[PDB]
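Here the Cβ positions follow ideal geometry from the backbone for every residue, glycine too, while neighbour counts run over all protein chains shown. Derivation of every value follows stated rules applied to the coordinates shown; laboratory data play no part.
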Amino acid sequence: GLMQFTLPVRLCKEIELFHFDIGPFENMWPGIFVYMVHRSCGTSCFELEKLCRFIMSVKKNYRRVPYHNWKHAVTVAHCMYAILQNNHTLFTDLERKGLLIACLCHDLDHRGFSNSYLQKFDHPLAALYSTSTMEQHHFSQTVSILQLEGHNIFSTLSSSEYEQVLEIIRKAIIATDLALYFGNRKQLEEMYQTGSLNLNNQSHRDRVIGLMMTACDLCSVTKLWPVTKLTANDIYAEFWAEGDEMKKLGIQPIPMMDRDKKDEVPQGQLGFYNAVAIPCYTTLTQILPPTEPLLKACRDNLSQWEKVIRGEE
Ligand SMILES: Cn1cc(-c2ccccc2)nc1CCNC(=O)c1c(C(=O)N2CCC2)cnn1C
Ligand SMILES: [Mg+2]
Ligand SMILES: [Zn+2]
């Protein structure tokens, strides 16, 4: 009860900032997560023993892939932490409980392959879940781990509160399917610009949380340039392996996944910042003004990719 987690001073200060990098000491990431839960939710939200057991089972069910790994899970949770702490009063008790957990679980048991590769390979998951194939799997893995003995971190919630938190987690994890982000953002843009956006409207809150999920998921573009750049290497390491696997099925992969077209990565980043990232953080900033630092950091990184194209690095 009187047992707080406390971090070294540099981490205590910098964890509050959007651009925080959780660092290369894997063994500190559980502690960093518990710290964020305690500050964003409270020391009372979860039984520490159940929470620690839950976190260590989640870690065990992330695979040793270049990008969609346990570090990504904790990085995405930290971005969510920063959003929630900078928007103190906008979110419910159930939302603060559910969203950090959703973020920690959102890529559970990821294999480093896209929904599209699973459908072309004809993976069993593609027959079980025809759309948002991996994201339905991630939610399924979340429920599995919640149902392990001594892993029920939500055990103090009523039946209907428990159903609501699991429904927040489900929608939040499904929203990380980037195929769904375009339409979600277009609807939020229209709603914001016609003044019809209503945070008492559950379907509106769902849309806003979905956009927070995209923002946290893509948050490598909001880090300091060296973090952003070195993260992109891990992203492409996965894409190019998928490209190799597409060539093994007799399918030319898209250029994003073809290691033979490495040279076009910089132009590929420009399209991604302009089509996906900047629009994401712009709409998020319109709805939640204190998230501006994400938009600002994303624009700084777009400017760095522009410099790469000009051979200024
Ligand atoms: C759209 N496009 C095209 C090219 C390209 C490259 C070489 C040659 C031709 C085309 N590169 C990109 C963008 C790469 N995507 C990212 O970098 C990315 C993601 C991301 O797509 N998701 C899915 C799992 C994570 C998340 N964060 N970030 C930074
Ligand atoms: Mg994912
Ligand atoms: Zn992710």
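Which numbered condition trips up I209, out of (1) in a helix (DSSP H, G or I); (2) more than 27 Å from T291 (Cβ to Cβ); (3) in contact with a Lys or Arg (Cβ under 8 Å, 6 or more places away or on another chain)?
Only one criterion in (1) in a helix (DSSP H, G or I); (2) more than 27 Å from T291 (Cβ to Cβ); (3) in contact with a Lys or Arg (Cβ under 8 Å, 6 or more places away or on another chain) is unmet by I209, namely (2).
Can you work out which of the residues in the stretch 157-204 that are β-branched (V, I, T) and assigned to a helix (DSSP H, G or I) is farthest from ligand 1 (Cβ to nearest atom)? Before the answer, list the steps.
Going through the stretch 157-204, the residues β-branched (V, I, T) turn out to be 165, 168-169, 173-174, 176, 194.
From what's left, assigned to a helix (DSSP H, G or I): 165, 168-169, 173-174.
Working: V165: 26, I168: 22, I169: 20, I173: 14, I174: 15 Å.
Of everything passing the filter in the stretch 157-204, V165 is farthest from ligand 1 (Cβ to nearest atom).
Please work out if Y62 is of a type in the set (F, W, Y), closer than 30 Å to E292 by Cα and in a loop (DSSP other than H, G, I, E, B).
No.
Of all residues in the stretch 159-183, how many are away from ligand 2 (no atom under 12 Å from the Cβ) and either within 16 Å of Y129 (Cβ to Cβ) or among the acidic types (D, E) (or both)? Can you show your working first?
Residues of the stretch 159-183 away from ligand 2 (no atom under 12 Å from the Cβ): 159-171, 182-183.
Going one step further and asking which of them are either within 16 Å of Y129 (Cβ to Cβ) or among the acidic types (D, E) (or both), we end up with 161, 163, 167, 170-171.
Within the stretch 159-183, residues that are away from ligand 2 (no atom under 12 Å from the Cβ) and either within 16 Å of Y129 (Cβ to Cβ) or among the acidic types (D, E) (or both) number 5.
Say whether the condition of being part of a helix (DSSP H, G or I), touching a residue at least 60 places away in the same chain (Cβ under 8 Å) and β-branched (V, I, T) is met by at least one residue in the stretch 37-55.
Looking only at the stretch 37-55, we keep the residues that are part of a helix (DSSP H, G or I), and these are 37-40, 48-55.
Those left that are additionally touching a residue at least 60 places away in the same chain (Cβ under 8 Å): 37, 40, 49-51, 53-54.
Cutting the leftovers down to β-branched (V, I, T) gives us 37.
Within the stretch 37-55, one or more residues are part of a helix (DSSP H, G or I), touching a residue at least 60 places away in the same chain (Cβ under 8 Å) and β-branched (V, I, T).
Considering only the stretch 151-188, how many residues are of a type in the set (V, I, T) and within 16 Å of ligand 3 (Cβ to nearest atom)?
Taking the stretch 151-188 as the starting set, the residues that turn out to be of a type in the set (V, I, T) are 153, 156, 165, 168-169, 173-174, 176.
Of the ones still in play, those that are also within 16 Å of ligand 3 (Cβ to nearest atom) are 169, 173-174, 176.
Total satisfying the criteria: 4.
Suppose we filter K50, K97 for residues that are within 24 Å of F20 (Cβ to Cβ), out of contact with any strand residue (DSSP E or B) (no Cβ under 8 Å at 6 or more places or on another chain) and charged (D, E, K, R); which single one remains? Even if it seems obvious, please write down each step before you answer.
Working: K50 fails: within 24 Å of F20 (Cβ to Cβ).
Answer to the check: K97.
Scan the stretch 49-56 and tell me whether some residue there is at positive phi and among the acidic types (D, E). Reasoning before the result, please.
Restricting attention to the stretch 49-56, the residues satisfying the condition of being at positive phi are none.
For the stretch 49-56, residues at positive phi and among the acidic types (D, E): absent.
Taking the options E238, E242, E264, name whichever one is within 23 Å of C103 (Cβ to Cβ) and part of a helix (DSSP H, G or I). So that I can check it myself, show each step before the final result.
Details: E242 fails: within 23 Å of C103 (Cβ to Cβ); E264 fails: within 23 Å of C103 (Cβ to Cβ).
One residue alone meets the criteria, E238.
State whether the residues of the stretch 113-122 include one that is outside any loop (DSSP other than H, G, I, E, B), in contact (Cβ under 8 Å) with a residue 60 or more places away in the chain, away from ligand 1 (no atom under 16 Å from the Cβ) and aromatic (F, W, Y).
yes
Name the single residue that is surrounded by the most Cβ atoms within 10 Å (Cβ to Cβ) among those in the stretch 116-144 being within 14 Å of ligand 2 (Cβ to nearest atom) and farther than 28 Å from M56 by Cβ.
Filtering the stretch 116-144 down to residues within 14 Å of ligand 2 (Cβ to nearest atom) leaves 116-118, 125, 129, 131-142.
Remaining after also requiring farther than 28 Å from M56 by Cβ: 116-117, 131.
Details: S116: 17, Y117: 24, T131: 13.
Filtering the stretch 116-144 for residues that are within 14 Å of ligand 2 (Cβ to nearest atom) and farther than 28 Å from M56 by Cβ, the one surrounded by the most Cβ atoms within 10 Å (Cβ to Cβ) comes out as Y117.
What's the total number of residues in the stretch 167-183 that are within 13 Å of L99 (Cα to Cα) and either without any contact (Cβ under 8 Å) to a residue 60 or more places away in the chain or touching a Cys at 6+ places or on another chain (Cβ under 6 Å) (or both)?
Pass one, the stretch 167-183, residues within 13 Å of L99 (Cα to Cα): 167-176.
Within this subset, residues satisfying the condition of being either without any contact (Cβ under 8 Å) to a residue 60 or more places away in the chain or touching a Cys at 6+ places or on another chain (Cβ under 6 Å) (or both) are 167, 170-171, 174-175.
Within the stretch 167-183, residues that are within 13 Å of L99 (Cα to Cα) and either without any contact (Cβ under 8 Å) to a residue 60 or more places away in the chain or touching a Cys at 6+ places or on another chain (Cβ under 6 Å) (or both) number 5.
Among what's in the stretch 54-69 and is under 22 Å from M212 (Cα atoms) and buried (at least 22 other Cβ atoms within 10 Å of the Cβ), pick the residue that is nearest to ligand 1 (Cβ to nearest atom).
Checking each candidate, the answer is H68.
Specify the residue that is nearest to ligand 1 (Cβ to nearest atom); the eligible residues are those in the stretch 71-95 that are surrounded by fewer than 18 Cβ atoms within 10 Å (Cβ to Cβ) and assigned to a helix (DSSP H, G or I).
My answer is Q85.
Got a number for residues in the stretch 96-112 being more than 15 Å from ligand 1 (Cβ to nearest atom) and part of a helix (DSSP H, G or I)?
Total satisfying the criteria: 9.
Pick from the stretch 262-304 the residues that are without any contact (Cβ under 8 Å) to a residue 40 or more places away in the chain and of a type in the set (G, A, S): which of them is farthest from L180 (Cα to Cα)?
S303
Table: residues versus (1) of a type outside the set (D, E, K, R); (2) out of contact with any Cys (no Cβ under 8 Å at 6 or more places or on another chain); (3) surrounded by fewer than 16 Cβ atoms within 10 Å (Cβ to Cβ).
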{"position": "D260", "(1), (2), (3)": "no, yes, yes"}
{"position": "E264", "(1), (2), (3)": "no, yes, yes"}
{"position": "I278", "(1), (2), (3)": "yes, no, no"}
{"position": "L294", "(1), (2), (3)": "yes, no, no"}
{"position": "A297", "(1), (2), (3)": "yes, yes, no"}
{"position": "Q304", "(1), (2), (3)": "yes, yes, no"}
